[PDB]
Amino acid sequence: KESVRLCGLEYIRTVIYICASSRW
Amino acid sequence: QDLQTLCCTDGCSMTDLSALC
C-alpha cells in the first residue's frame with residue numbers, strides 16, 4: 001500500500017484538480 | 001480514519017481520488 005500523502009489543502013487541491021480536469 | 005485525514009498518514013492514490021470525483 002503506497003500512495004501520495006496529502007494533508008487537507010494539499011488533498012483538496014489535488015482532488016478538485018482531477019475532478020475539474022475530468023469535467024473539462 | 002477519514003479518507004482526507006488518513007491521507008496525511010497512509011496516503012491516497014490517484015485512483016482513490018477519481019472515485020471521489
# chains A, B, ... in the order shown; residues from 1 in each chain; ligands from 1
>>> interface_residues(of="chain B", to="chain A", cutoff="6 Å", atoms="only C-alpha atoms", output="VMD selection string")
chain B and resid 7 to 8 11 to 13 17 21
>>> write_last_selection(atoms="C-alpha atoms", output="PDB file, in the first residue's frame")
ATOM      1  CA  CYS B   7      -4.136  10.859   3.662  1.00  0.00           C
ATOM      2  CA  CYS B   8      -1.687  12.670   5.938  1.00  0.00           C
ATOM      3  CA  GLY B  11      -1.902   8.260   1.699  1.00  0.00           C
ATOM      4  CA  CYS B  12      -4.366   8.318  -1.168  1.00  0.00           C
ATOM      5  CA  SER B  13      -3.766   7.067  -4.692  1.00  0.00           C
ATOM      6  CA  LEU B  17      -9.282  10.454  -5.749  1.00  0.00           C
ATOM      7  CA  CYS B  21     -14.598  12.721  -8.352  1.00  0.00           C
TER       8      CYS B  21
END
